[PDB]
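Working notes for the structure below.
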Amino acid sequence: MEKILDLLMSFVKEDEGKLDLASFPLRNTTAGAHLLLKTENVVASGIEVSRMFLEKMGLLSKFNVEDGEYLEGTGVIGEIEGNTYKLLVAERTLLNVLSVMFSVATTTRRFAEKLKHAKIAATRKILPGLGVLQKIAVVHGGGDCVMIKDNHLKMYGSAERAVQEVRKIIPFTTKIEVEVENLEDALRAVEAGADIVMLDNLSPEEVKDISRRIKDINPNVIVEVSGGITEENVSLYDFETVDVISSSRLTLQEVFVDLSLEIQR
Amino acid sequence: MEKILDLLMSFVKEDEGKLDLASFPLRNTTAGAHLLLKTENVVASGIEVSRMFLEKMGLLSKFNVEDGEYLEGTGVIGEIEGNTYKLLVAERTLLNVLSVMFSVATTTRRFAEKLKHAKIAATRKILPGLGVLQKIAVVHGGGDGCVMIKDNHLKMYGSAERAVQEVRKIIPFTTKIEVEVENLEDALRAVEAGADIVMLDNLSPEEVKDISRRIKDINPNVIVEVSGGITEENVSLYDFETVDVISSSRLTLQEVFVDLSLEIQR
């Protein structure tokens, strides 16, 4: 949260950067503005973050909307006022934050409601620099430890060695994930003592089959399915034997929520 | 370039962040890796940036491709080696940079080869924090100072006349003023106010043919820009001789789509 403000401040700096010449002449005025939502079926997130940010920029705000609220219909979601140069210099960054977070939080909520056994989660393929805000948006959307990938396995030599090694430097309660693309590799990971097994880019039937086989040798292993699964496809992998479905389409989808800041006169 | 490495170092901090627990036990080994392109019709960018970044991380590298180059066919586009902890912690950043930039350059070239008069350009609607990199991808992609007055400014100044007057007082003589407009009335008002560039926003091809025409008739030295979420299919609908620049949010907002990986060689 000091980290998040620093981050958003750095974004203001990038947009500015030395000085915002178009706004500079207005440094000696104040202005009020309406924050407008123009996209019609949507879940709000970034409100608390936005509020804190505006406060650090020296702007007053009120929002008529909360984080994780579902929004039927467009309108004014907030008002902002204060020094004019500050308001104009904060505009771009505020609207990115709210666009990204609303978008992610929205996708996420729709996935969630298409599932009845498995919980939806994000991948770690996030957009650099702002993955930290996308994660928060996912939690708002209604979603919610160590990862061992292929490159790790090649160096360690085996799942067994990798899990032994990592186990020596974490608490008994921290869980270890191993990523796999086939049955045999899923089974070695299980034997290796992995706590979570991630099935990469396999078909629904393959997953039906492998998830079943994992649960048969140890039903305490957590099975995660991960890929570019679309909202249309996601209930396909929703077997009783899958605990978590992660989809890159939560954080890599094109921003689609439309927001503006419109100065009142 | 110092600023770009700092930025990239910040992306590694985010990924690490305090310590990469899965790679920690491998930190007294070394490793070599192939950088893999798995998508077929593509222009490369981020190479020089990646090179410098890997160097800053302490990793040796080789690249068999350059910024600007068009690439048919998948393959190994480079090789990396050095301390295993450092390689593995560099991985995801490296591949975001490269996947982001390749994607923006690739699209940029596609847009560029559809136009004969106007030049393609990015807008200011960029992914925050990685704009510097996207703008570079755009250059590499083919396409390619000034000050922008938008609607919130004009509401405060009261008029374009006043807005141009005021901003003229605090910029060099070589610096151009852009005014953003959405109809004919406001477009001529901006020309009349002294604007050096007029950006035409959210308007149809015929509305743009007519307005850009009138602006060039009034003063042919005014530069005309067209902006919006214009697609690759639609983009030549705006390639009138009276339009100097077309900028599209497609360049920088589109989902990332060039598939790359880093594969340790054992």
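Line by line, the protein sequences are chains A and B.
Going letter by letter, the first sequence gives residues 1 to 144, 153 to 273 in the authors' numbering.
Going letter by letter, the second sequence gives residues 1 to 144, 152 to 273 in the authors' numbering.
Don't be surprised by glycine CBs; every beta carbon is placed ideally from N, CA and C.
Cα separation between residue i and residue j?
i, j, result
"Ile156 (chain A)", "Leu71 (chain B)", "32 Å"
"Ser10 (chain A)", "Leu258 (chain B)", "23 Å"
"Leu115 (chain B)", "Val139 (chain B)", "16 Å"
"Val263 (chain A)", "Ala167 (chain B)", "32 Å"
"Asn241 (chain B)", "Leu210 (chain B)", "13 Å"
"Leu94 (chain A)", "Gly165 (chain A)", "47 Å"
"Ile222 (chain B)", "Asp266 (chain B)", "44 Å"
"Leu161 (chain A)", "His34 (chain B)", "16 Å"
"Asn228 (chain B)", "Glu213 (chain B)", "22 Å"
"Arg109 (chain A)", "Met101 (chain A)", "12 Å"
"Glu185 (chain B)", "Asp6 (chain B)", "31 Å"
"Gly17 (chain B)", "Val132 (chain A)", "11 Å"
"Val97 (chain A)", "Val174 (chain B)", "29 Å"
"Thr123 (chain A)", "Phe111 (chain A)", "14 Å"
"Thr106 (chain B)", "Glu66 (chain B)", "14 Å"
"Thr181 (chain B)", "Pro128 (chain B)", "28 Å"
"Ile80 (chain B)", "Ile4 (chain B)", "20 Å"
"residue 353 (chain A)", "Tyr245 (chain A)", "No answer is possible for residue 353 (chain A): the residues shown for chain A start at 1 and end at 273."
"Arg51 (chain B)", "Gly78 (chain B)", "10 Å"
"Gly75 (chain A)", "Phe247 (chain B)", "37 Å"
"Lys125 (chain A)", "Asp193 (chain B)", "44 Å"
"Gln272 (chain B)", "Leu60 (chain B)", "15 Å"
"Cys153 (chain A)", "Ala44 (chain A)", "28 Å"
"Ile178 (chain B)", "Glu199 (chain B)", "19 Å"
"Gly68 (chain B)", "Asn64 (chain A)", "48 Å"
"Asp217 (chain B)", "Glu270 (chain A)", "28 Å"
"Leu191 (chain A)", "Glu48 (chain B)", "40 Å"
"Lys183 (chain B)", "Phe53 (chain B)", "34 Å"
"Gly73 (chain A)", "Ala170 (chain B)", "35 Å"
"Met163 (chain A)", "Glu2 (chain B)", "33 Å"
Among the residues of its own chain, which have a CB less than 6 Å from the CB of residue i, if the five just before and after it don't count?
i, result
"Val250 (chain A)", "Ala118, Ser219, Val231 and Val233"
"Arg27 (chain B)", "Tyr85"
"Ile237 (chain B)", "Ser255"
"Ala121 (chain B)", "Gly143, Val252 and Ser254"
"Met57 (chain B)", "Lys86 and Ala90"
"residue 148 (chain B)", "No coordinates exist for residue 148 (chain B); the numbering of chain B passes from 144 to 152 with nothing in between."
"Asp20 (chain A)", "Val89"
"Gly46 (chain B)", "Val97, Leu98 and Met101"
What does residue i touch in chain A if you count any residue whose Cβ is under 8 Å from its own?
i, result
"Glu14 (chain B)", "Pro128, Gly129, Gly131 and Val132"
Which residues in the same chain as residue i place their Cβ atom closer than 7 Å to its Cβ, once the five residues preceding and following it in sequence are excluded?
i, result
"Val104 (chain A)", "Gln134, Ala137, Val138, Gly141, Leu258 and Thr259"
"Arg92 (chain A)", "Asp15"
"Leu130 (chain B)", "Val100"
"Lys62 (chain A)", "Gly78 and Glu79"
"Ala197 (chain A)", "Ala167, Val186, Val188 and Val205"
"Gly82 (chain B)", "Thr30, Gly58, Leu59 and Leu60"
Which same chain residues, not among the five before or five after residue i, have their C-beta less than 8 Å away from its C-beta?
i, result
"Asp208 (chain A)", "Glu187, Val188, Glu189, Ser234 and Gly235"
"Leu195 (chain B)", "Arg221, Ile222 and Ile225"
"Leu36 (chain B)", "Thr74, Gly75, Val76, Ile77, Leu267, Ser268, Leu269 and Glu270"
Show which residues of chain A have a CB atom less than 7 Å away from the CB atom of residue i.
i, result
"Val154 (chain B)", "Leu21 and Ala22"
"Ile271 (chain B)", "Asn159, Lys162 and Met163"
"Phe11 (chain B)", "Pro128 and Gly129"
What in chain B is Cβ-close to residue i, meaning under 7 Å?
i, result
"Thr93 (chain A)", "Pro128"
"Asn96 (chain A)", "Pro128"
Listing by chain order, which chain B residues have their CB less than 9 Å from the CB of residue i?
i, result
"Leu26 (chain A)", "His160, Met163, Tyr164 and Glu173"
Kindly list, in the order they appear in chain A, the residues whose Cβ is closer than 9 Å to that of residue i.
i, result
"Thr29 (chain B)", "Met163"
Problem set entry | Interface positions of the region 168 to 198 of chain B facing chain A (Cβ-Cβ less than 7 Å), listed along the chain | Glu173, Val174, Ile177 and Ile178
Exercise. So does the region 30 to 41 of chain A actually touch the region 126 to 140 of chain A, counting three or more Cβ pairs closer than 8 Å?
Worked result: no
For this session: Using a Cβ-Cβ cut-off of less than 7 Å, give me the residues of the region 36 to 49 of chain A that come near chain B, in sequence order.
Result: none
Exercise. In the region 242 to 269 of chain B, which residues sit with their C-beta less than 8 Å from some C-beta in chain A, listed in chain order?
Worked result: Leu260, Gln261, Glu262, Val263 and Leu269
Exercise. Using a beta-carbon distance cut-off of less than 7 Å, what residues from the region 70 to 90 of chain A approach chain B?
Worked result: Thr84 and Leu88
For this session: Taking only beta carbons into account, state which residues of the region 206 to 232 of chain A come closer than 8 Å to chain B, listed in chain order.
Result: none
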